[PDB]
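Going down the list, the sequences are from chains B and A.
Counted the way the deposited numbering counts, the first sequence spans residues 27 to 50.
Counted the way the deposited numbering counts, the second sequence spans residues 497 to 501, 503 to 545.
Report on one structure; see the data block that follows.
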Amino acid sequence: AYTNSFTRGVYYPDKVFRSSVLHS
Amino acid sequence: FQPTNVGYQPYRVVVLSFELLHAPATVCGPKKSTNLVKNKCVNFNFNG
Ligand SMILES: *[C@@H]1O[C@H](CO)[C@@H](O)[C@H](O)[C@H]1NC(C)=O
Numbered sequence: 027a028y029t030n031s032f033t034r035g036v037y038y039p040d041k042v043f044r045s046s047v048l049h050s
Numbered sequence: 497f498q499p500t501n503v504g505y506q507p508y509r510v511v512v513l514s515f516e517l518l519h520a521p522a523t524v525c526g527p528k529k530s531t532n533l534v535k536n537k538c539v540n541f542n543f544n545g
């Protein structure tokens with residue numbers, strides 16, 4: 027069987043703090 | 497490998514690879530820490 031993942035599976039890309047920012 | 501072998506001799510190689518990332522440090526140079534100072538302009542150094 028299959029299903030839609032939606033917006034799952036984002037993770038923290040690096041061990042650094044950031045706030046109020048849009049990081050690519 | 498025979499002792500009569503210069504370039505044909507064995508060499509022991511150690512490669513040190515450094516995990517120079519932003520996690521907690523755990524392997525450090527022999528440098529002694531100071532006390533910590535606040536609200537004053539300081540020439541600081543944390544983990545390097
Ligand atoms: C995803 O799976 C559904 C059925 O579970 C199917 O209708 C759809 O065409 C599939 N899409 C892709 C891109 O696999």
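All residues carry an ideal CB built from backbone N, CA and C; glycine is no exception.
Cα atoms of B:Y38 and A:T523: separation of roughly 22 Å, rounded to the nearest angstrom. The beta-carbon separation of B:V42 and A:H519, rounded to 5 Å, stays under the 8 Å limit for a contact. Not one heavy atom of ligand 1 sits closer than 7 Å to the Cβ of A:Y505. Not one heavy atom of ligand 1 falls within 7 Å of the beta-carbon of B:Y37. Per the C-alpha coordinates, the member of A:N544, A:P521 and A:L513 positioned closest to A:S530 is A:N544.
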